[PDB]
Amino acid sequence: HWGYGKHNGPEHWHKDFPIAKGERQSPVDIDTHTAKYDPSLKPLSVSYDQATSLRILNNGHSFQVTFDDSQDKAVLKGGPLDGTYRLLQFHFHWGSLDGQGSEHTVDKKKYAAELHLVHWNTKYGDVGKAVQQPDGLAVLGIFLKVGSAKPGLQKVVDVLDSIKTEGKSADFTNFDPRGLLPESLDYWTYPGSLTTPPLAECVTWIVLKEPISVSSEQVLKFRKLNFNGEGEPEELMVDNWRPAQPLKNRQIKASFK
Ligand SMILES: C[C@@]12CCC[C@H]1[C@@H]1CC=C3C[C@@H](OS(N)(=O)=O)CC[C@]3(C)[C@H]1CC2
Ligand SMILES: [Zn+2]
């Protein structure tokens, strides 16, 4: 029922998911001058060498690449985190045009897209239990700007024609998510939420300062995806981003000066 349209979009979500108006909702605007450098924050540890991608899926709100999370093969640790978080999936948010698409903003700047790598805390055993905990999930967010192509993204772009409509999936083995990361792991962090229903307040957000560049041809392929199923009136999967929510009583911390 929920989506990104006039009648079912973000301004409507609170009716089915009242936590939409909660105290720690995501995304937020990152005010770079107000974020506090925290010299106590550790470097982020990203261990993706043994990642096992399984499937690529059009879920009617995004596309996602799913990983084997039945063992500690692709894990996030350190940074603001206590313990070990397993990579479950990555997905994107993007715009109809390059001047919007990101969920987080930086001094009100919107990027063309935002990559989310979703991880869950192994101490809760499964992602369904982790989403019920305030420290259940860690989402690594990476901004996309349009310029030079990202070679590590092309394997993803080239299969999107095979998952055009909602629920369509394909084999997507041997994909290396290290090819989507920028040089720097400098980050901002704050306590927040899932940015789609059920909007659970279970996420430690880690948003990298350095964007990756993708080409216009790569993001154009995102914009050919459809929100609709098969045989239903064609609606381009574009503008699948929630806007910035109130920061309320939260501090954004920077890992860098
Ligand atoms: C399947 C599930 C119930 C148990 C685990 C839940 C997952 C956990 C994480 C996310 C990531 C979120 O996107 S975002 N933008 O916040 O990273 C979209 C929603 C989704 C897929 C939940 C949907 C409902
Ligand atoms: Zn997301």
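For the reader, a short list of remarks on this structure follows.
- The single condition among (1) crowded, with 17+ Cβ neighbours inside 10 Å; (2) part of a helix (DSSP H, G or I) that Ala51 does not meet is (2).
- Every residue from the stretch 71-130 that is within 18 Å of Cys202 (Cα to Cα) and among the polar types (S, T, N, Q): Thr84, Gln89, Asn121, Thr122
- Exactly one residue out of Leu88, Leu76, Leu81 is away from ligand 1 (no atom under 12 Å from the Cβ), over 21 Å from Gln218 (Cβ atoms), in a strand (DSSP E or B) and not acidic (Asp, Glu): that is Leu76.
- Qualifying residues in the stretch 112-140 (those that are under 19 Å from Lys150 (Cβ atoms) and within 13 Å of ligand 2 (Cβ to nearest atom)) - the one farthest from the chain's Cα centre (by Cα): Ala113
- Residues that are closer than 28 Å to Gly167 by Cβ, touching a residue at least 60 places away in the same chain (Cβ under 8 Å) and surrounded by fewer than 20 Cβ atoms within 10 Å (Cβ to Cβ) are absent from the stretch 24-46 altogether.
- Residues satisfying the stated conditions in the stretch 18-39, i.e. assigned to a loop (DSSP other than H, G, I, E, B), within 23 Å of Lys77 (Cβ to Cβ) and in contact with a strand residue (DSSP E or B) (Cβ under 9 Å, 6 or more places away or on another chain): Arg24, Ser26, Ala35, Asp38
- Tally of residues being of a type in the set (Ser, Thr, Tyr) and out of contact with any strand residue (DSSP E or B) (no Cβ under 9 Å at 6 or more places or on another chain) across the stretch 109-147: 1
Cβ atoms come from the backbone with ideal geometry, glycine included; neighbour counts cover every protein chain shown. Values in this text are rule-based calculations from the coordinates and carry no lab data.
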